[PDB]
file run-v9.txt (compact mmCIF, C-alpha atoms and all ligand atoms)
# COMPACT_ATOMS: atom_id res chain seq x y z
CA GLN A 1 2.87 19.57 -5.06
CA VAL A 2 2.37 16.23 -6.82
CA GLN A 3 -0.53 16.73 -9.20
CA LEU A 4 -2.29 13.55 -10.38
CA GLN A 5 -5.11 13.94 -12.91
CA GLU A 6 -7.08 10.86 -14.00
CA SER A 7 -8.21 10.99 -17.63
CA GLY A 8 -9.59 7.47 -17.69
CA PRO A 9 -12.07 6.21 -20.29
CA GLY A 10 -14.70 5.13 -17.74
CA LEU A 11 -16.79 2.87 -19.99
CA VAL A 12 -14.81 -0.07 -21.40
CA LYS A 13 -15.78 -3.19 -23.37
CA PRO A 14 -14.44 -6.77 -23.40
CA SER A 15 -11.36 -7.41 -25.60
CA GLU A 16 -10.36 -3.76 -25.23
CA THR A 17 -7.32 -2.11 -23.67
CA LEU A 18 -7.18 0.49 -20.91
CA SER A 19 -6.19 4.14 -21.29
CA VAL A 20 -6.08 5.54 -17.74
CA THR A 21 -3.49 8.32 -17.43
CA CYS A 22 -1.67 10.15 -14.66
CA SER A 23 0.71 13.04 -15.35
CA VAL A 24 2.95 14.45 -12.61
CA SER A 25 4.33 18.00 -12.59
CA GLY A 26 6.90 18.88 -9.94
CA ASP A 27 9.43 16.90 -7.88
CA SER A 28 9.24 13.81 -10.08
CA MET A 29 12.75 13.00 -11.30
CA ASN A 30 13.59 9.41 -10.16
CA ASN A 31 13.01 8.93 -6.42
CA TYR A 32 9.21 8.72 -6.15
CA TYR A 33 8.48 5.16 -7.28
CA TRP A 34 5.12 5.27 -9.04
CA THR A 35 2.58 2.46 -8.76
CA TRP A 36 -1.01 1.51 -9.55
CA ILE A 37 -3.58 0.67 -6.89
CA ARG A 38 -7.19 -0.35 -7.53
CA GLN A 39 -10.28 -0.89 -5.36
CA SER A 40 -13.16 -3.17 -6.42
CA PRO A 41 -16.49 -3.73 -4.63
CA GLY A 42 -15.81 -6.60 -2.23
CA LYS A 43 -12.23 -7.21 -3.35
CA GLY A 44 -9.76 -5.15 -1.32
CA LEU A 45 -6.88 -2.92 -2.38
CA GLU A 46 -4.83 -4.97 -4.85
CA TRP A 47 -1.29 -3.66 -5.41
CA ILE A 48 -1.09 -4.59 -9.08
CA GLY A 49 2.42 -3.31 -9.75
CA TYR A 50 4.98 -0.50 -9.82
CA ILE A 51 7.64 0.84 -12.19
CA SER A 52 11.11 2.25 -11.48
CA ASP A 53 14.17 3.37 -13.46
CA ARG A 54 15.31 -0.27 -13.78
CA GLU A 55 12.42 -0.88 -16.28
CA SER A 56 11.36 -4.06 -14.43
CA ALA A 57 7.63 -3.77 -13.70
CA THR A 58 6.80 -6.76 -11.53
CA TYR A 59 3.11 -7.60 -11.84
CA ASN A 60 0.62 -9.25 -9.51
CA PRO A 61 0.32 -13.07 -9.75
CA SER A 62 -3.46 -12.83 -9.22
CA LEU A 63 -3.58 -10.40 -12.18
CA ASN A 64 -2.47 -13.34 -14.45
CA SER A 65 0.03 -11.10 -16.37
CA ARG A 66 -2.66 -9.40 -18.48
CA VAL A 67 -1.34 -5.86 -17.87
CA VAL A 68 1.48 -4.05 -19.64
CA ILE A 69 2.59 -0.64 -18.33
CA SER A 70 4.11 2.44 -19.98
CA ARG A 71 5.95 5.38 -18.38
CA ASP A 72 7.55 7.96 -20.67
CA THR A 73 9.36 11.26 -20.20
CA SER A 74 8.26 12.67 -23.57
CA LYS A 75 4.57 12.82 -22.64
CA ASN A 76 5.64 13.03 -18.93
CA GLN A 77 2.98 10.63 -17.69
CA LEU A 78 2.20 7.04 -16.68
CA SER A 79 -0.38 4.88 -18.44
CA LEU A 80 -1.92 1.47 -17.80
CA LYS A 81 -3.09 -1.09 -20.36
CA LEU A 82 -5.31 -3.94 -19.12
CA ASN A 83 -6.36 -6.52 -21.72
CA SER A 84 -9.15 -9.17 -21.70
CA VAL A 85 -11.31 -7.56 -19.03
CA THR A 86 -13.85 -9.28 -16.73
CA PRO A 87 -17.14 -7.80 -15.36
CA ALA A 88 -15.81 -7.97 -11.77
CA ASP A 89 -13.16 -5.36 -12.68
CA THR A 90 -15.42 -2.33 -12.10
CA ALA A 91 -12.81 -0.68 -9.91
CA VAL A 92 -11.50 2.77 -9.04
CA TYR A 93 -7.93 2.93 -10.36
CA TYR A 94 -5.76 5.26 -8.28
CA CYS A 95 -2.32 6.31 -9.55
CA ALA A 96 -0.15 6.82 -6.46
CA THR A 97 3.55 6.73 -5.65
CA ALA A 98 5.73 4.90 -3.13
CA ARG A 99 9.14 5.17 -1.49
CA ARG A 100 11.10 1.91 -1.48
CA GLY A 101 12.88 1.77 1.89
CA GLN A 102 14.90 -1.15 3.21
CA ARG A 103 14.67 -2.82 6.62
CA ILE A 104 18.01 -4.20 7.77
CA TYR A 105 17.73 -7.19 10.11
CA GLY A 106 21.33 -8.40 9.95
CA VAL A 107 24.47 -8.19 7.81
CA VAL A 108 24.07 -6.26 4.56
CA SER A 109 26.71 -8.34 2.76
CA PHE A 110 24.73 -11.54 3.44
CA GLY A 111 21.51 -10.19 1.92
CA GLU A 112 19.72 -9.75 5.25
CA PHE A 113 17.50 -6.84 4.23
CA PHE A 114 14.06 -6.72 2.61
CA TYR A 115 12.35 -3.79 0.89
CA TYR A 116 8.92 -2.36 1.66
CA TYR A 117 6.74 0.12 -0.23
CA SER A 118 5.26 3.02 1.75
CA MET A 119 2.64 4.92 -0.27
CA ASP A 120 2.82 8.56 0.83
CA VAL A 121 1.29 10.67 -1.99
CA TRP A 122 -1.99 9.54 -3.54
CA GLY A 123 -4.22 10.61 -6.42
CA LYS A 124 -7.93 10.93 -7.16
CA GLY A 125 -8.88 7.74 -9.03
CA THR A 126 -11.41 7.43 -11.85
CA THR A 127 -14.39 5.07 -11.93
CA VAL A 128 -13.63 2.61 -14.73
CA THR A 129 -16.63 0.26 -14.83
CA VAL A 130 -16.50 -2.80 -17.08
CA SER A 131 -19.56 -2.84 -19.36
CA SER A 132 -20.27 -6.08 -21.23
CA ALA A 133 -22.60 -4.38 -23.74
CA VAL B 1 -14.72 -7.57 5.88
CA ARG B 2 -14.34 -7.73 9.66
CA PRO B 3 -16.21 -4.95 11.52
CA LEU B 4 -15.22 -3.32 14.79
CA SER B 5 -17.12 -1.05 17.18
CA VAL B 6 -15.85 1.77 19.39
CA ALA B 7 -17.40 4.74 21.20
CA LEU B 8 -16.36 8.37 21.55
CA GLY B 9 -13.07 8.92 23.35
CA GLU B 10 -12.12 5.26 23.78
CA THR B 11 -8.69 4.13 22.56
CA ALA B 12 -9.49 2.06 19.48
CA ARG B 13 -6.84 -0.68 19.24
CA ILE B 14 -7.63 -2.51 15.99
CA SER B 15 -5.99 -5.82 15.14
CA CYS B 16 -3.97 -6.94 12.11
CA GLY B 17 -4.34 -9.61 9.43
CA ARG B 18 -1.84 -12.46 9.15
CA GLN B 19 0.58 -13.56 11.86
CA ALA B 20 3.88 -11.72 12.32
CA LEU B 21 6.92 -13.66 11.07
CA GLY B 22 10.29 -12.24 12.08
CA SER B 23 10.95 -8.59 11.33
CA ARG B 24 8.04 -6.24 10.71
CA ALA B 25 7.40 -3.10 8.68
CA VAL B 26 3.63 -2.68 8.90
CA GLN B 27 1.82 -0.19 6.66
CA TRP B 28 -1.40 1.13 8.23
CA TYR B 29 -3.82 2.99 5.95
CA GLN B 30 -7.17 4.69 6.45
CA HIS B 31 -9.17 4.23 3.25
CA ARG B 32 -12.02 6.74 3.22
CA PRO B 33 -15.17 5.66 1.30
CA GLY B 34 -15.02 7.46 -2.03
CA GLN B 35 -11.84 9.38 -1.28
CA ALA B 36 -8.13 8.40 -1.36
CA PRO B 37 -6.41 6.35 1.37
CA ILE B 38 -4.17 8.21 3.81
CA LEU B 39 -0.84 6.90 5.12
CA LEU B 40 -0.87 6.50 8.91
CA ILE B 41 1.96 4.28 10.21
CA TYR B 42 5.13 3.22 8.40
CA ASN B 43 8.13 1.31 9.87
CA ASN B 44 5.98 0.39 12.96
CA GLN B 45 6.40 3.78 14.72
CA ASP B 46 6.74 6.66 12.24
CA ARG B 47 4.02 9.05 11.05
CA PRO B 48 3.93 11.26 7.93
CA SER B 49 2.88 14.90 7.74
CA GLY B 50 -0.70 15.81 8.60
CA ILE B 51 -1.27 13.02 11.14
CA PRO B 52 -1.49 13.78 14.90
CA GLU B 53 -0.21 11.79 17.90
CA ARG B 54 -3.48 9.81 18.20
CA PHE B 55 -2.68 7.35 15.40
CA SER B 56 0.26 5.20 16.54
CA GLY B 57 1.38 1.62 15.97
CA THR B 58 3.44 -0.77 18.08
CA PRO B 59 7.21 -0.68 17.37
CA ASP B 60 8.59 -4.17 16.77
CA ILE B 61 11.35 -4.40 19.40
CA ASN B 62 12.06 -7.89 20.88
CA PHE B 63 9.67 -9.73 18.54
CA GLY B 64 6.82 -11.74 20.04
CA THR B 65 4.40 -8.81 20.23
CA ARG B 66 1.47 -8.65 17.84
CA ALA B 67 1.05 -5.62 15.58
CA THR B 68 -1.90 -3.35 16.40
CA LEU B 69 -2.92 0.25 15.73
CA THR B 70 -4.08 2.48 18.59
CA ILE B 71 -6.54 5.28 17.79
CA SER B 72 -6.92 7.38 20.95
CA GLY B 73 -9.93 9.70 20.98
CA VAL B 74 -11.77 8.90 17.76
CA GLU B 75 -14.21 11.33 16.09
CA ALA B 76 -17.00 11.05 13.54
CA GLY B 77 -14.73 12.01 10.64
CA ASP B 78 -12.19 9.25 11.36
CA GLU B 79 -14.65 6.38 10.77
CA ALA B 80 -13.66 4.53 7.60
CA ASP B 81 -12.01 1.38 6.25
CA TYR B 82 -8.60 0.27 7.53
CA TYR B 83 -5.82 -1.79 5.94
CA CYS B 84 -2.68 -3.48 7.30
CA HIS B 85 -0.07 -4.26 4.64
CA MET B 86 2.14 -6.78 6.45
CA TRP B 87 5.76 -6.78 5.25
CA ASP B 88 7.95 -9.45 6.82
CA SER B 89 11.07 -11.52 6.09
CA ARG B 90 9.86 -15.14 6.20
CA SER B 91 7.12 -14.73 3.57
CA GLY B 92 9.13 -12.89 0.91
CA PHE B 93 7.17 -10.36 -1.09
CA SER B 94 3.71 -9.19 0.00
CA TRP B 95 1.28 -8.65 -2.87
CA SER B 96 -2.03 -8.25 -1.01
CA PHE B 97 -3.04 -5.69 1.61
CA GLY B 98 -4.42 -8.33 4.00
CA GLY B 99 -7.85 -8.53 5.55
CA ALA B 100 -9.50 -5.11 5.75
CA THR B 101 -11.01 -4.09 9.09
CA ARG B 102 -13.90 -1.62 9.24
CA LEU B 103 -14.09 0.78 12.18
CA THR B 104 -17.54 1.92 13.30
CA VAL B 105 -18.26 4.76 15.73
CA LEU B 106 -21.48 4.71 17.76
CA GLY B 107 -23.19 8.10 17.78
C1 LIG C 201 29.37 -8.21 13.49
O1 LIG C 201 29.48 -6.99 12.70
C2 LIG C 201 28.33 -6.66 11.90
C3 LIG C 201 28.66 -5.38 11.17
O2 LIG C 201 30.07 -5.19 11.06
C4 LIG C 201 27.07 -6.55 12.77
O3 LIG C 201 25.96 -6.36 11.89
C5 LIG C 201 25.07 -5.35 12.42
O4 LIG C 201 23.97 -6.07 12.99
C6 LIG C 201 23.03 -5.27 13.73
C7 LIG C 201 22.00 -6.24 14.25
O5 LIG C 201 21.32 -5.72 15.39
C8 LIG C 201 22.44 -4.15 12.85
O6 LIG C 201 21.91 -3.17 13.74
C9 LIG C 201 20.49 -2.90 13.66
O7 LIG C 201 20.07 -2.25 12.47
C10 LIG C 201 18.62 -2.14 12.30
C11 LIG C 201 18.37 -1.36 11.03
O8 LIG C 201 19.61 -0.74 10.66
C12 LIG C 201 19.59 0.71 10.78
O9 LIG C 201 18.36 1.24 11.34
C13 LIG C 201 18.28 2.71 11.58
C14 LIG C 201 17.98 3.38 10.25
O10 LIG C 201 16.64 3.06 9.89
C15 LIG C 201 19.56 3.26 12.29
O11 LIG C 201 19.17 4.07 13.38
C16 LIG C 201 20.45 2.09 12.78
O12 LIG C 201 21.59 2.60 13.46
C17 LIG C 201 20.84 1.12 11.64
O13 LIG C 201 21.81 1.81 10.86
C18 LIG C 201 17.91 -1.48 13.57
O14 LIG C 201 16.45 -1.73 13.61
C19 LIG C 201 15.82 -3.03 13.93
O15 LIG C 201 16.67 -4.23 14.02
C20 LIG C 201 16.05 -5.53 14.42
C21 LIG C 201 15.65 -6.27 13.16
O16 LIG C 201 14.86 -7.40 13.52
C22 LIG C 201 14.89 -5.38 15.45
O17 LIG C 201 14.90 -6.47 16.35
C23 LIG C 201 15.08 -4.06 16.23
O18 LIG C 201 14.13 -3.98 17.28
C24 LIG C 201 15.04 -2.81 15.31
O19 LIG C 201 13.66 -2.48 15.09
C25 LIG C 201 13.48 -1.12 15.52
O20 LIG C 201 14.04 -0.19 14.56
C26 LIG C 201 13.38 -0.05 13.26
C27 LIG C 201 14.18 0.93 12.44
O21 LIG C 201 14.61 1.98 13.29
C28 LIG C 201 11.92 0.40 13.49
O22 LIG C 201 11.25 0.50 12.25
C29 LIG C 201 11.21 -0.63 14.40
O23 LIG C 201 9.86 -0.25 14.61
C30 LIG C 201 11.94 -0.86 15.75
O24 LIG C 201 11.72 0.31 16.52
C31 LIG C 201 18.66 -1.76 14.97
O25 LIG C 201 18.36 -0.72 15.89
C32 LIG C 201 20.17 -2.00 14.86
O26 LIG C 201 20.78 -0.73 14.71
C33 LIG C 201 23.51 -3.42 12.02
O27 LIG C 201 22.88 -2.66 11.00
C34 LIG C 201 24.54 -4.36 11.37
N1 LIG C 201 25.63 -3.59 10.80
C35 LIG C 201 26.04 -3.61 9.52
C36 LIG C 201 25.32 -4.54 8.58
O28 LIG C 201 26.98 -2.92 9.13
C37 LIG C 201 26.91 -7.81 13.64
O29 LIG C 201 25.84 -7.71 14.58
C38 LIG C 201 28.19 -8.08 14.44
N2 LIG C 201 28.04 -9.27 15.27
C39 LIG C 201 28.20 -9.25 16.59
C40 LIG C 201 28.02 -10.57 17.29
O30 LIG C 201 28.48 -8.23 17.20
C1 LIG C 202 7.45 -26.31 6.82
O1 LIG C 202 7.74 -25.38 7.91
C2 LIG C 202 6.62 -24.96 8.71
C3 LIG C 202 7.20 -24.03 9.76
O2 LIG C 202 8.14 -23.13 9.19
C4 LIG C 202 5.88 -26.18 9.30
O3 LIG C 202 4.70 -25.83 10.03
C5 LIG C 202 3.66 -25.08 9.35
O4 LIG C 202 3.67 -23.70 9.86
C6 LIG C 202 2.71 -22.79 9.28
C7 LIG C 202 2.92 -21.46 9.97
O5 LIG C 202 3.38 -21.63 11.30
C8 LIG C 202 1.30 -23.34 9.45
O6 LIG C 202 0.37 -22.48 8.80
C9 LIG C 202 1.21 -24.75 8.87
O7 LIG C 202 -0.09 -25.29 9.09
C10 LIG C 202 2.25 -25.68 9.50
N1 LIG C 202 2.18 -27.01 8.89
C11 LIG C 202 1.66 -28.12 9.46
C12 LIG C 202 1.10 -27.98 10.86
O8 LIG C 202 1.64 -29.19 8.86
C13 LIG C 202 5.54 -27.20 8.23
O9 LIG C 202 5.00 -28.38 8.82
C14 LIG C 202 6.78 -27.57 7.39
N2 LIG C 202 6.49 -28.61 6.39
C15 LIG C 202 5.67 -28.55 5.32
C16 LIG C 202 5.60 -29.80 4.50
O10 LIG C 202 5.01 -27.55 5.01
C1 LIG C 203 13.58 -17.89 20.56
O1 LIG C 203 12.46 -18.85 20.45
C2 LIG C 203 12.24 -19.67 21.62
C3 LIG C 203 11.10 -20.60 21.29
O2 LIG C 203 9.85 -19.91 21.28
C4 LIG C 203 11.96 -18.78 22.84
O3 LIG C 203 11.82 -19.60 23.99
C5 LIG C 203 13.10 -17.78 23.03
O4 LIG C 203 12.79 -16.90 24.11
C6 LIG C 203 13.34 -16.96 21.76
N1 LIG C 203 14.46 -16.04 21.95
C7 LIG C 203 14.38 -14.69 22.00
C8 LIG C 203 13.01 -14.07 21.85
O5 LIG C 203 15.38 -14.00 22.17
call {"tool": "encode", "arguments": {"input": "run-v9.txt", "output": "structure tokens", "more": "lines below"}}
Ligand SMILES: *[C@@H]1O[C@H](CO)[C@@H](O[C@@H]2O[C@H](CO)[C@@H](O[C@@H]3O[C@H](CO[C@H]4O[C@H](CO)[C@@H](O)[C@H](O)[C@@H]4O)[C@@H](O[C@H]4O[C@H](CO)[C@@H](O)[C@H](O)[C@@H]4O[C@H]4O[C@H](CO)[C@@H](O)[C@H](O)[C@@H]4O)[C@H](O)[C@@H]3O)[C@H](O)[C@H]2NC(C)=O)[C@H](O)[C@H]1NC(C)=O
Ligand SMILES: *[C@@H]1O[C@H](CO)[C@@H](O[C@@H]2O[C@H](CO)[C@@H](O)[C@H](O)[C@H]2NC(C)=O)[C@H](O)[C@H]1NC(C)=O
Ligand SMILES: *[C@@H]1O[C@H](CO)[C@@H](O)[C@H](O)[C@H]1NC(C)=O
result
Amino acid sequence: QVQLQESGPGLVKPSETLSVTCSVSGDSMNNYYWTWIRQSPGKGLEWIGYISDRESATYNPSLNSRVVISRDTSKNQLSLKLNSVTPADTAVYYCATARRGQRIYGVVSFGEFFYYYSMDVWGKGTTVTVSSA
Amino acid sequence: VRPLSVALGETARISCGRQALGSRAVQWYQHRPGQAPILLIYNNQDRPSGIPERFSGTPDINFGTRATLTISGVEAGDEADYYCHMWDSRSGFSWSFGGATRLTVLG
């Protein structure tokens, strides 16, 4: 069973970082590619990024590169750090995983395959509301 | 957010977002209000564990067919938000989940 607890701060301020956590106990060695998925009021599900064993966390271009990520095996968890927050970022931040599978449409030596991300196991998600007070 | 209406027992065939370009690996999700989204259709035909034979997408064989999601025999519990993450080959990477469609059940 993939356990995903969300010990988020909930009430954040402007010019402050994020501290939302998710710690996985179980079948979590390298294959389940973890990611972060949020849901705002009005704005849909924005896939803001993932992290693998290659240590290349590609971020969202609409996120404007204001998020650094941190996955460690010492504390055995995955954290998010969002800087310079806006009051439209009162979103529920789920910590889910994905399985990167390829779709071959031609010859594999000519680069005719593209990768998708199928989210199979999800979490709970904490309500991190941006407060400007 | 585009709404859609269906009754009890009718096969709800909801539409997709952007136009299909080449190969397709659609990712259909049922986002419950308040709860977590549930994976429904991956690789245009396959289903994960815990999903019956009612939820089924169109397999992309001999491209020219639009991607839809058939929900045969809907209930009151399966009335929530829906997403279609379109993954193709002629647009590169897909960063957004597309236009969300909202299914409504009369009754
Ligand atoms: C010269 O020699 C080359 C190799 O030596 C030949 O290259 C081969 O080219 C064919 C092209 O048709 C490739 O075959 C196809 O592979 C697709 C995916 O690969 C794998 O899929 C399955 C595993 O997931 C597996 O069962 C399969 O055997 C294969 O290993 C596969 O698929 C889709 O392909 C098209 C892409 O647009 C679609 O039009 C098609 O409808 C298929 O879509 C269906 O299947 C997918 C996945 O199952 C579903 O998600 C969809 O919903 C839908 O149902 C095909 O079935 C086919 O097997 C082959 O991989 C490749 N070989 C290599 C690189 O070694 C080359 O063709 C040859 N030239 C000539 C002229 O003979
Ligand atoms: C570039 O190529 C596209 C086709 O690959 C040309 O047509 C555009 O196609 C897209 C999707 O079919 C439409 O959304 C655009 O409106 C089309 N452009 C038009 C009608 O001007 C396109 O013309 C090509 N050239 C440029 C400069 O984009
Ligand atoms: C390729 O595209 C042309 C133009 O639309 C079409 O007439 C033809 O049938 C297509 N070939 C296929 C689907 O094999």
call {"tool": "interface_residues", "arguments": {"input": "run-v9.txt", "of": "chain B", "to": "chain A", "cutoff": "8 Å", "atoms": "all atoms listed in the file", "output": "PyMOL selection string"}}
result
chain B and resi 23+25+27+35-39+42+48+87-89+95-97+99-100
call {"tool": "residues_near_ligand", "arguments": {"input": "run-v9.txt", "ligand": "ligand LIG 203 (chain C)", "cutoff": "8 Å", "atoms": "all atoms listed in the file", "output": "list in words"}}
result
residues 62, 63 and 64 of chain B
call {"tool": "residues_near_ligand", "arguments": {"input": "run-v9.txt", "ligand": "ligand LIG 202 (chain C)", "cutoff": "10 Å", "atoms": "all atoms listed in the file", "output": "PyMOL selection string"}}
result
chain B and resi 19-21+90
call {"tool": "write_last_selection", "arguments": {"input": "run-v9.txt", "atoms": "C-alpha atoms", "output": "compact mmCIF listing (two decimals), keeping the file's coordinate frame"}}
result
# COMPACT_ATOMS: atom_id res chain seq x y z
CA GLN B 19 0.58 -13.56 11.86
CA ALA B 20 3.88 -11.72 12.32
CA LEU B 21 6.92 -13.66 11.07
CA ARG B 90 9.86 -15.14 6.20
call {"tool": "residues_around", "arguments": {"input": "run-v9.txt", "residues": "residue 21 of chain A", "least_positions_apart": "2", "cutoff": "8 Å", "atoms": "all atoms listed in the file", "output": "list in words"}}
result
residues 5, 6, 7, 8, 19, 23, 77, 78, 79 and 80 of chain A
call {"tool": "residues_around", "arguments": {"input": "run-v9.txt", "residues": "segment 43-45 of chain B", "least_positions_apart": "2", "cutoff": "7 Å", "atoms": "only C-alpha atoms", "output": "NGL selection string"}}
result
:B and (25-26 or 41 or 47 or 56-60)
call {"tool": "residues_around", "arguments": {"input": "run-v9.txt", "residues": "residue 73 of chain B", "least_positions_apart": "5", "cutoff": "10 Å", "atoms": "only C-alpha atoms", "output": "list in words"}}
result
residues 7, 8, 9, 10, 11, 12, 54, 55 and 78 of chain B
call {"tool": "atom_distance", "arguments": {"input": "run-v9.txt", "atom1": "atom CA of residue 71 of chain A", "atom2": "atom CA of residue 83 of chain A"}}
result
17.4 Å
call {"tool": "closest_residue", "arguments": {"input": "run-v9.txt", "among": "A:84, A:97, A:3, A:126", "to": "residue 25 of chain A", "atoms": "all atoms listed in the file"}}
result
A:3
call {"tool": "closest_residue", "arguments": {"input": "run-v9.txt", "among": "B:32, B:24, B:66, B:102", "to": "ligand LIG 201 (chain C)", "atoms": "only C-alpha atoms and all ligand atoms"}}
result
B:24
call {"tool": "atom_distance", "arguments": {"input": "run-v9.txt", "atom1": "atom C40 of ligand LIG 201 (chain C)", "atom2": "atom CA of residue 108 of chain A"}}
result
14.0 Å
call {"tool": "atom_distance", "arguments": {"input": "run-v9.txt", "atom1": "atom CA of residue 53 of chain A", "atom2": "atom CA of residue 4 of chain A"}}
result
19.6 Å
call {"tool": "axis_aligned_box", "arguments": {"input": "run-v9.txt", "around": "segment 37-55 of chain B", "padding_each_side": "4 Å", "output": "AutoDock Vina command-line options"}}
result
--center_x 0.9 --center_y 8.1 --center_z 9.8 --size_x 22.5 --size_y 23.4 --size_z 24.8
call {"tool": "build_atoms", "arguments": {"input": "run-v9.txt", "residues": "segment 16-28 of chain A", "atoms": "N, CA, C and O atoms", "output": "mmCIF file, in the coordinates of the input"}}
result
data_model
loop_
_atom_site.group_PDB
_atom_site.id
_atom_site.type_symbol
_atom_site.label_atom_id
_atom_site.label_comp_id
_atom_site.auth_asym_id
_atom_site.auth_seq_id
_atom_site.Cartn_x
_atom_site.Cartn_y
_atom_site.Cartn_z
ATOM 1 N N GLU A 16 -10.784 -5.130 -25.012
ATOM 2 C CA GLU A 16 -10.360 -3.760 -25.230
ATOM 3 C C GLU A 16 -9.326 -3.376 -24.178
ATOM 4 O O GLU A 16 -9.386 -3.848 -23.039
ATOM 5 N N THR A 17 -8.384 -2.522 -24.568
ATOM 6 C CA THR A 17 -7.320 -2.110 -23.670
ATOM 7 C C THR A 17 -7.772 -0.953 -22.779
ATOM 8 O O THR A 17 -8.856 -0.388 -22.948
ATOM 9 N N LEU A 18 -6.923 -0.613 -21.817
ATOM 10 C CA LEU A 18 -7.180 0.490 -20.910
ATOM 11 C C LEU A 18 -6.357 1.714 -21.320
ATOM 12 O O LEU A 18 -5.311 1.603 -21.962
ATOM 13 N N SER A 19 -6.860 2.895 -20.951
ATOM 14 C CA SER A 19 -6.190 4.140 -21.290
ATOM 15 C C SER A 19 -6.218 5.132 -20.126
ATOM 16 O O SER A 19 -6.374 6.339 -20.339
ATOM 17 N N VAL A 20 -6.073 4.645 -18.892
ATOM 18 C CA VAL A 20 -6.080 5.540 -17.740
ATOM 19 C C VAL A 20 -4.709 6.196 -17.592
ATOM 20 O O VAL A 20 -3.661 5.544 -17.708
ATOM 21 N N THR A 21 -4.708 7.521 -17.425
ATOM 22 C CA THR A 21 -3.490 8.320 -17.430
ATOM 23 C C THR A 21 -3.287 8.990 -16.081
ATOM 24 O O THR A 21 -4.238 9.247 -15.339
ATOM 25 N N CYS A 22 -2.021 9.280 -15.776
ATOM 26 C CA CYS A 22 -1.670 10.150 -14.660
ATOM 27 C C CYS A 22 -0.376 10.878 -14.997
ATOM 28 O O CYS A 22 0.647 10.239 -15.257
ATOM 29 N N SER A 23 -0.429 12.207 -15.006
ATOM 30 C CA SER A 23 0.710 13.040 -15.350
ATOM 31 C C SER A 23 1.123 13.878 -14.146
ATOM 32 O O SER A 23 0.296 14.570 -13.546
ATOM 33 N N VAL A 24 2.409 13.823 -13.810
ATOM 34 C CA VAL A 24 2.950 14.450 -12.610
ATOM 35 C C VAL A 24 3.807 15.637 -13.009
ATOM 36 O O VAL A 24 4.710 15.512 -13.844
ATOM 37 N N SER A 25 3.524 16.795 -12.412
ATOM 38 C CA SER A 25 4.330 18.000 -12.590
ATOM 39 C C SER A 25 4.914 18.393 -11.244
ATOM 40 O O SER A 25 4.168 18.602 -10.281
ATOM 41 N N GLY A 26 6.240 18.496 -11.175
ATOM 42 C CA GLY A 26 6.900 18.880 -9.940
ATOM 43 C C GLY A 26 8.122 18.041 -9.621
ATOM 44 O O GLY A 26 8.903 17.701 -10.515
ATOM 45 N N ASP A 27 8.292 17.694 -8.343
ATOM 46 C CA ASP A 27 9.430 16.900 -7.880
ATOM 47 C C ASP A 27 9.206 15.435 -8.269
ATOM 48 O O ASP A 27 8.723 14.607 -7.493
ATOM 49 N N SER A 28 9.571 15.111 -9.512
ATOM 50 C CA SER A 28 9.240 13.810 -10.080
ATOM 51 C C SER A 28 10.388 13.222 -10.895
ATOM 52 O O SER A 28 10.151 12.635 -11.956
#
